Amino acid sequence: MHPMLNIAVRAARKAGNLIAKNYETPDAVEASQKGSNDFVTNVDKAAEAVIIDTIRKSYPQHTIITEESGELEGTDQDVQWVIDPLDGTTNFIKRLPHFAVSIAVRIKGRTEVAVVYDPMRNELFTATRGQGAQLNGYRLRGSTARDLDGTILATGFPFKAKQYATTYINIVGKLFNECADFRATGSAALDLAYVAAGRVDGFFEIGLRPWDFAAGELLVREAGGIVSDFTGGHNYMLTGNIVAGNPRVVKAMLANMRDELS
């Protein structure tokens, strides 16, 4: 737990330090046809290896699930480490300095530990279940906003889910008409961390993969916010359709979502 937290942080900083070091290089950037070149993937794979190696030196019995390898079953099925070694891939390739390592520990299907770590800003966000969220050791509470007016909402376009373009764009339209403004940062795990830290008032994105929200979602819930489905449910793990923020902000956002798809 806090020994697990201590290993999650160790792993996230060593992966983070390695990703920071290569950000300062260009070496071998080779693809354009869509975006993701050999270099980010080599950098990313090396981060993943470091995280796996670090976790297995103390907990070789656990299941580890990574964005790049899927599930590496352990003898002890009751603990899963759910990891994105580099949430913000396109950012990294463009050298936009906004990306993070996300590492969640789930025990018998409940997230108990969460680390999101920005290695450019050297900001480590952490949480353990029932004990709240911190940024570099200092307690987080969400934002204190009560409606959508003068709020800032982190979000991203459904680049990987284009068939939802119209619905999404329609949702963005409605929220804008309630005097919300938007940030689009390219790192969902960081967005969730920023919800936890009140740096934004809410977050909504479609089609997230579980490794990008598993740590972020606990950050929010431990800093007094909530996370839900676009339709209000606790179904978001299956969908990846995530609305996060305090209970007022989410209720207000969910209000603007009924009359759309999902």
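Numbering starts at 1 and runs along the sequence shown.
- The question of which stretch, 253-261 or 1-9, has the higher mean Cα B factor is settled in favour of 253-261.
- For the segment pair 210-218 and 24-32, the entry gives 24-32 the higher mean B-factor, averaged over Cα atoms.
- Annotation for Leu148, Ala100, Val82, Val113: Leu148 ranks highest, by Cα B-factor.
- By the numbers in the PDB entry, the CA B factor is greatest at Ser143 among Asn91, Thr155, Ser143, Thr126.
- Annotation for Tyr59: CA B-factor lies in the middle third of the chain's modelled residues.
- When the CA B factors of the chain's modelled residues are split into thirds, the value for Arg183 lands in the lowest one.
- Among all modelled residues in its chain, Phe159 ranks in the middle third by Cα B-factor.
- Placement of the Cα temperature factor of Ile65 within the chain: lowest third of the modelled residues, per the deposited record.
- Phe176: CA B factor in the middle third of modelled residues in this chain (values from the PDB entry).
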